[PDB]
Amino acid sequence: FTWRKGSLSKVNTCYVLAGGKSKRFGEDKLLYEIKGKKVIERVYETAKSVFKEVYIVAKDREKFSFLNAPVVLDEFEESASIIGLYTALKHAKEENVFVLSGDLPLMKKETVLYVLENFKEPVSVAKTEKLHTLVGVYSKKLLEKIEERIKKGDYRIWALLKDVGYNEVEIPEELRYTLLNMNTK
C-alpha cells in the first residue's frame, strides 16, 4: 500500500519505462513529445508516492535529467518494451518489482495499489479491455526466460507472458480510465 512504504506490500521498488527514441511521427509529433515529458513526470511522482525507490529506465540519461531521478541505463540500440523489462529485472534488488510505463497520463496511485494488493507470482498485470503488460509486478526469477526469448529474437511480451504464465488483475470500473494513453487529434 502507499501510505507507509514497506508495510502492506514487500514490493518496495518500481521501474518507470521511458523507452528509446520517439516513435510518434507526423505534423503534431512535437505536441506529443512535449506533453509526453509532463506525462512521465507525473507517472514518476505517482510511483514515488507508493514506492521507497523508483528508477527511470531509458537509453539516454541526460534526456531525462529533468526528472531529477536515478536512471537505469538501457544499453541496447533496439527500442522494444521487452528490452526495457529485461533492463529493469537485471537491475532489480528485490525478488518482485513494479513496472510502470511512462506514457500513462491518467495513472493514479490507487491503481498501482490495487495491483499490489492483488499480486500473485510470477507476474500480475493490469487488465481493462486491454492487457497492460507494462503495468504490474514482475518477478526477477523471470530474467533467465526473458533473456532466452530476446536472445532467440522473440520480442513479444505477449509470448513471454504465455510462456512464463501470468495473472490478470481486473481493474475496477472507476480506475479503468487511469490506464488510457494520450491521443486524439
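A residue's number is simply how far along the shown sequence it sits, counting from 1.
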Higher-scoring stretch by recorded Cα B factor average, 57-65 or 114-122: 57-65
Selected stretch [higher average CA B-factor]: 131-139 or 48-56: 48-56
For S9, the third of its chain into which the C-alpha B factor falls: highest
Thinking about Cα B factors across the chain, which third does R176 belong to? lowest
Compared with the other modelled residues in the chain, in which third is the CA B-factor of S101? lowest
Is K108 in the lowest, middle or highest third of its chain when residues are ranked by C-alpha B-factor? middle
Test of reading the entry: by CA B factor among the chain's modelled residues, which third contains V43? lowest
